[PDB]
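In: Test case, fold it:
(8 chains, ligands or ions: 73)
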Amino acid sequence: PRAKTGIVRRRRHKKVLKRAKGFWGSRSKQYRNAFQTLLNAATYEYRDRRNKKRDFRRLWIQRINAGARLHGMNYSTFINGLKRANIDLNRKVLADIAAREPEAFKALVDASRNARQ
Amino acid sequence: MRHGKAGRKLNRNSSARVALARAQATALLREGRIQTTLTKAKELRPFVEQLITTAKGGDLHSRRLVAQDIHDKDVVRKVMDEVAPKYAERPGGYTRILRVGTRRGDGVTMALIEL
Amino acid sequence: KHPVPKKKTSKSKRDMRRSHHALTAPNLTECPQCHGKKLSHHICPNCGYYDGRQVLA
Amino acid sequence: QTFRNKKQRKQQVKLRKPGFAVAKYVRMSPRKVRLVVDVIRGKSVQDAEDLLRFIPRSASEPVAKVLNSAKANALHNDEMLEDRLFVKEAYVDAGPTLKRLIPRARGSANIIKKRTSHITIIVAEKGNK
RNA sequence: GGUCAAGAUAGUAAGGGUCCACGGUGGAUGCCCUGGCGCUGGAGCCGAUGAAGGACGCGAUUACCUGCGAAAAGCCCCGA
RNA sequence: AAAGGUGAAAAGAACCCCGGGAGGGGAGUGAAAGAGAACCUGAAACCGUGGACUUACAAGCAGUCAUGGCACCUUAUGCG
RNA sequence: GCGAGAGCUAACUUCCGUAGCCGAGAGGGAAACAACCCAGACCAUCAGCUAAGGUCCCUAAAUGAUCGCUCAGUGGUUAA
RNA sequence: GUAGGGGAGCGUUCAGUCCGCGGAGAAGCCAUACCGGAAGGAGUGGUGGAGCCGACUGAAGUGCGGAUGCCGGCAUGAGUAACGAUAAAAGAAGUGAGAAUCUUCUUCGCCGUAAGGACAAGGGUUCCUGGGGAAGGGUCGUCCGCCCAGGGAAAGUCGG
Ligand SMILES: [Ca+2]
Ligand SMILES: [Ca+2]
Ligand SMILES: [Mg+2]
Ligand SMILES: [Mg+2]
Ligand SMILES: [Mg+2]
Ligand SMILES: [Mg+2]
Ligand SMILES: [Mg+2]
Ligand SMILES: [Mg+2]
Ligand SMILES: [Mg+2]
Ligand SMILES: [Mg+2]
Ligand SMILES: [Mg+2]
Ligand SMILES: [Mg+2]
Ligand SMILES: [Mg+2]
Ligand SMILES: [Mg+2]
Ligand SMILES: [Mg+2]
Ligand SMILES: [Mg+2]
Ligand SMILES: [Mg+2]
Ligand SMILES: [Mg+2]
Ligand SMILES: [Mg+2]
Ligand SMILES: [Mg+2]
Ligand SMILES: [Mg+2]
Ligand SMILES: [Mg+2]
Ligand SMILES: [Mg+2]
Ligand SMILES: [Mg+2]
Ligand SMILES: [Mg+2]
Ligand SMILES: [Mg+2]
Ligand SMILES: [Mg+2]
Ligand SMILES: [Mg+2]
Ligand SMILES: [Mg+2]
Ligand SMILES: [Mg+2]
Ligand SMILES: [Mg+2]
Ligand SMILES: [Mg+2]
Ligand SMILES: [Mg+2]
Ligand SMILES: [Mg+2]
Ligand SMILES: [Mg+2]
Ligand SMILES: [Mg+2]
Ligand SMILES: [Mg+2]
Ligand SMILES: [Mg+2]
Ligand SMILES: [Mg+2]
Ligand SMILES: [Mg+2]
Ligand SMILES: [Mg+2]
Ligand SMILES: [Mg+2]
Ligand SMILES: [Mg+2]
Ligand SMILES: [Mg+2]
Ligand SMILES: [Mg+2]
Ligand SMILES: [Mg+2]
Ligand SMILES: [Mg+2]
Ligand SMILES: [Mg+2]
Ligand SMILES: [Mg+2]
Ligand SMILES: [Mg+2]
Ligand SMILES: [Mg+2]
Ligand SMILES: [Mg+2]
Ligand SMILES: [Mg+2]
Ligand SMILES: [Mg+2]
Ligand SMILES: [Mg+2]
Ligand SMILES: [Mg+2]
Ligand SMILES: [Mg+2]
Ligand SMILES: [Mg+2]
Ligand SMILES: [Mg+2]
Ligand SMILES: [Mg+2]
Ligand SMILES: [Mg+2]
Ligand SMILES: [Mg+2]
Ligand SMILES: [Mg+2]
Ligand SMILES: [Mg+2]
Ligand SMILES: [Mg+2]
Ligand SMILES: [Mg+2]
Ligand SMILES: [Mg+2]
Ligand SMILES: [Mg+2]
Ligand SMILES: [Mg+2]
Ligand SMILES: [Mg+2]
Ligand SMILES: [Mg+2]
Ligand SMILES: [Mg+2]
Ligand SMILES: [Mg+2]
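Out: Residues are numbered from 1 along each chain as shown, chains lettered A, B, ... in the order given. Ligands and ions are numbered 1, 2, ... in the order given. The structure is reproduced below:
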């Protein structure tokens, strides 16, 4: 019994090719560059996911001291003074509190400063 | 460069661009008008036009000057006896060009030269 | 000696050479004497006029 | 309006091609014929007959004979009125390709591609608008 | 509202890109058999009575193949 | 060396239209001409036409992740 | 890196010993950078703490507090 | 986690058995936002027009991105280089769907111990006539050494 490759290879190739949407040029049309681009793209997808965690970390922080200094203290002497205010621990995305309710972020500034005295 | 040269190479050497303009001049005067490439008609004009001013001389000298460019004795007599005397009123406008269509083998605009 | 091209040209890059291969439409005009079709400073090919008849057609 | 299946529809309705003719296997290079066809495209069908007698390209002849056939079918078969007609679509595609060996220096041949064209035109009334 | 100043910001595509829709080219894939492959088993020499293999011919019209051989796509006898 | 396929049946396209033709568009036949003799299917590379979103201060292994814009709504109003 | 020979107490040299890394080791730092510093990636999270290394703006985080030092851009290139 | 060892599996053809499906439409092809831990598998729609899925077992020519790998198709270079001796060509007239290129006329230029003529080798109808215009002709083509048909080839003394 002979068992030629037919239908198998086209199906595999077409699944690779379909992963290529708006890939530029022969990235979208030739199988070999499509598959090769996907190897490097693997690298990027995994690394980036882990990194995106750390990137939103950064955006968080960068808003929080901007509001903090608007109230006359930096990030450092703030997220300290909430933690030194101990039970105050809300921590996760204080960014949004600073970015939408300033009546609240002002009270948190007063709390941190009271804790540092 | 050529800041004041007059005339055309017609993608032809010295010997030929004369034997052209002589042969074409012989046909215009033998035919009244001919149809040729627009460029050869632009160069053909002043040569034939001067040549018939030579024939406006009447005398034997002008006849033999015309003969050295036009080697068919009949056309020589036509210009010498028929046309030039007809033009003896005419401060040199002896030729016009119309340009007809554009041909198909080589795509060259062509034109009429007439009297 | 013998220069030869280095990579194949991309469809994008070659098509943007050809950005300048557009033919110019003839500027056609209406013969005042014939019916229509005429090219400027030329005879009308149909009727032969260029103020009266010129060429035979 | 809605049919029982596809065997259905092949009996009940016949596909037809209003305003369309095509010259297949015309022995010319498609990118050339495309230069002149692009000059036609979207013009009022009279102008297209007018522009093509003065365009000085060799392709104008086959391209015009297709345009006349499109004008003809729109009138004789499709019963359109011809002072409305204009070239809604026109477009040239590859044909087969004749090939010959042509000897070159030192012994080697090359293959040379005599390319054909499928030139097609599709006229329609300007009663769009 | 209109000039004047300062500032900001849209649309144009010569041609390009991604996607979609529609075709062209081209002959993969599926289906098919007129063609092959092997094993098994039969059968196994032909020629001076001209072998094997060819050449030239034989048709109303015949270039190729097939059949035939100046009696030449056939002639005689027998059986179905 | 390459070698293949109308249709069940040739019913193998009378007639008309543009064209010197080639080619096509109709009318007919046929279940189908979404089978028409460059005649089963007809992938991909390659060539085009149309449309959506885009692009003429930009440095680019062509992706990846994040967010805004504009389209769209048949495993589909969503973590699209 | 340490301990030695060969070498000029040269070499991103060569040859043994010894520890660790790369080889087969991704991640953070060292501008970039296999070997150096921190640390060994089962998968997901728009949650929190630290290591090396950092906290003027590119660029996450003290234009930090207290004593001094250098007025050379030393910092940000050797010596007799 | 590289060579390497081990484990469990996905998909392809063929065979046996089962369960079945198919012109109210099969395989193949095409789109897709569903599913499974992966190989993969289903749903629905479009195409096609005659075969085929699922399960269990068995046997393999059984899984491609590479090999300056093979066959085939198609691209890039690109409307680029060239269009094969620097012995020129011009006008009129004709034929034709169509003419710079075919026919005619009249000139011009080129060979002339040749680029004229007669034979031998070799080629094999290329010869003439009438037609043609796909391809061949480096462009065109109404023409051709191309294609179709019909004719033409005569020896006692020439050569054997
Ligand atoms: Ca050019
Ligand atoms: Ca070039
Ligand atoms: Mg990354
Ligand atoms: Mg935090
Ligand atoms: Mg000079
Ligand atoms: Mg020249
Ligand atoms: Mg005359
Ligand atoms: Mg004078
Ligand atoms: Mg003189
Ligand atoms: Mg050199
Ligand atoms: Mg040779
Ligand atoms: Mg444009
Ligand atoms: Mg093709
Ligand atoms: Mg099949
Ligand atoms: Mg058999
Ligand atoms: Mg025999
Ligand atoms: Mg016979
Ligand atoms: Mg025979
Ligand atoms: Mg006998
Ligand atoms: Mg009998
Ligand atoms: Mg059949
Ligand atoms: Mg045809
Ligand atoms: Mg026909
Ligand atoms: Mg019917
Ligand atoms: Mg069809
Ligand atoms: Mg079909
Ligand atoms: Mg055909
Ligand atoms: Mg069938
Ligand atoms: Mg087909
Ligand atoms: Mg287009
Ligand atoms: Mg487009
Ligand atoms: Mg600028
Ligand atoms: Mg810009
Ligand atoms: Mg650039
Ligand atoms: Mg020493
Ligand atoms: Mg070393
Ligand atoms: Mg190694
Ligand atoms: Mg290791
Ligand atoms: Mg590392
Ligand atoms: Mg690192
Ligand atoms: Mg870095
Ligand atoms: Mg460094
Ligand atoms: Mg290094
Ligand atoms: Mg590494
Ligand atoms: Mg911390
Ligand atoms: Mg520390
Ligand atoms: Mg900062
Ligand atoms: Mg300080
Ligand atoms: Mg069906
Ligand atoms: Mg699927
Ligand atoms: Mg059937
Ligand atoms: Mg194998
Ligand atoms: Mg490999
Ligand atoms: Mg390969
Ligand atoms: Mg190849
Ligand atoms: Mg040359
Ligand atoms: Mg002539
Ligand atoms: Mg005539
Ligand atoms: Mg023609
Ligand atoms: Mg010539
Ligand atoms: Mg001739
Ligand atoms: Mg005559
Ligand atoms: Mg001779
Ligand atoms: Mg002979
Ligand atoms: Mg003979
Ligand atoms: Mg002859
Ligand atoms: Mg003759
Ligand atoms: Mg003949
Ligand atoms: Mg021809
Ligand atoms: Mg033929
Ligand atoms: Mg030709
Ligand atoms: Mg005699
Ligand atoms: Mg003798």
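In: and residue 17, what does it touch?
Out: Reading this off chain A. By CB atoms under 8 Å, 6 or more residues apart in numbering or on different chains, the contact list for residue A:17 reads A:28, A:29, A:31, A:34. All C-beta spots, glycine's among them, are computed from the backbone N, C-alpha and C.
In: Correction: the question concerned chain B.
Out: For residue B:17, the contacting residues are B:7, B:8, B:9, B:10, by CB under 8 Å, 6+ apart.
In: Buried by neighbour count, from the residues you listed: which ones?
Out: Taking 16 or more other CB atoms under 10 Å in any protein chain shown as the criterion, nothing in these is buried.
In: Now do the closest residue to residue B:21 other than its chain neighbours: how many residues are near it, please.
Out: Nearest in space to residue B:21, with sequence neighbours left out and distances taken as CB to CB, 6 or more residues apart in numbering or on different chains, is residue B:47 at 4.8 Å. A total of 17 residues lie near residue B:47 under the criterion other CB atoms under 10 Å in any protein chain shown.
In: Sticking with residue B:47, tell me its helix or strand.
Out: According to DSSP states H and E, residue B:47 maps onto helix B:38-55.
In: The next helix-or-strand element following that helix: which residues count as buried?
Out: Per DSSP H and E, helix B:38-55 leads on to helix B:60-69 as the next helix or strand towards the C-terminus. Neighbour-count burial for helix B:60-69 flags B:62, B:63, B:66, B:69 (criterion: 16+ other CB under 10 Å).
In: Equivalent analysis for stretch B:16-29, please.
Out: Buried, per 16+ other CB under 10 Å, within stretch B:16-29: B:17, B:20, B:21, B:22, B:24, B:25, B:26, B:27, B:28, B:29.
In: Ok, stretch B:93-104 next?
Out: B:94, B:95, B:98, B:99, B:100, B:101, B:102.
In: The spatially closest residue to residue D:48 that is not a sequence neighbour: what's it in contact with?
Out: Take residue D:48 and drop its neighbours on the chain: the residue closest to it by CB to CB, 6+ apart is residue D:40, 4.6 Å away. By CB under 8 Å, 6+ apart, residue D:40 lies in contact with D:48, D:51, D:52, D:63, D:67, D:87, D:90, D:121.
In: ok, 7 Å please
Out: D:48, D:51, D:52, D:67, D:87, D:90 (CB atoms under 7 Å, 6 or more residues apart in numbering or on different chains).
In: what's the farthest-apart pair in those?
Out: Greatest spatial distance in the contacts of residue D:40: D:51 and D:90, 12.3 Å, computed using CB to CB.
In: more neighbours, those two?
Out: Comparing residue D:51 with residue D:90 by neighbour count (other CB under 10 Å), the higher total belongs to residue D:90, at 23 against 20.
In: list the contacts for that one?
Out: D:37, D:40, D:41, D:120, D:121, D:122.
In: Okay, and which of the contacts of residue B:17 map to strands?
Out: Within the contacts of residue B:17, no residue falls in strands by DSSP state E.
In: ok, now how distant is the residue of chain C positioned farthest from its centre from chain A?
Out: Within chain C, the residue lying farthest from the chain centre (CA atoms, centre = their mean) is residue C:1, at 39.8 Å. Distance, residue C:1 to chain A, by CB to the nearest CB, to the nearest Å: 32 Å.
In: Assign residue B:22 to one of the three secondary structure states.
Out: Under DSSP: H, G, I helix; E, B strand; the rest coil, residue B:22 falls in the helix class.
In: quick one: what helix or strand has residue D:21 in it?
Out: In the assignment (DSSP H and E), residue D:21 maps to strand D:20-26.
In: Could you report the neighbour count for residue 63?
Out: By default, I'm working from chain A. Using other CB under 10 Å, residue A:63 is surrounded by 18 other residues.
In: wrong one, I was asking about chain D
Out: A total of 27 residues lie near residue D:63 under the criterion other CB under 10 Å.
In: Tell me both backbone torsions, phi and psi, for it.
Out: phi -70, psi -30 (degrees, to the nearest 10).
In: Surely it and residue D:34 touch.
Out: No. Proximity of residue D:63 to residue D:34 does not meet the contact threshold set by CB atoms under 7 Å, at 9.9 Å.
In: residues contacting the residue in chain B that ligand 3 sits nearest to?
Out: Proximity to ligand 3, evaluated over chain B using CB to the ion, is greatest for residue B:107 at 59.3 Å. Neighbour list for residue B:107: residue D:56 [criterion: CB under 7 Å, 6+ apart].
In: near RNA strand F, which residues of chain A show up?
Out: Within chain A, the positions adjacent to RNA strand F are A:10, A:22-27, A:29-30, A:37, A:40-41, A:44-45, A:48-49, A:52, A:55 by CB under 7 Å from any atom of the strand.
In: Need the buried ones from those selected in PyMOL.
Out: To isolate in PyMOL the members of the residues of chain A next to RNA strand F that are buried, counting by 16+ other CB under 10 Å, one can use:
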select buried, chain A and resi 23+26+37
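In: from the residues of chain A next to RNA strand F, which are also near RNA strand E?
Out: Contacts with RNA strand E within the residues of chain A next to RNA strand F, as defined by CB under 7 Å from any atom of the strand: A:10, A:22, A:23, A:24, A:25.
In: Pull the contacting residues for the last one.
Out: Pointing back at residue A:25 there. Residue A:25 neighbours (CB under 7 Å, 6+ apart): residue C:10.
In: cutoff 8 Å now
Out: Neighbours of residue A:25 in contact, by CB under 8 Å, 6+ apart: A:33, C:10, C:11, C:12.
In: Which among those count as buried?
Out: residue A:33.
In: Turn the contacts of residue D:40 into CSV, columns for distance to residue D:79 and secondary structure.
Out: CSV is the format used below for the contacts of residue D:40 (distance: CB to CB, whole Å; DSSP: H, G, I helix; E, B strand; the rest coil):
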residue, distance to residue D:79, secondary structure
D:48, 21, helix
D:51, 27, helix
D:52, 25, coil
D:67, 19, helix
D:87, 19, strand
D:90, 22, strand
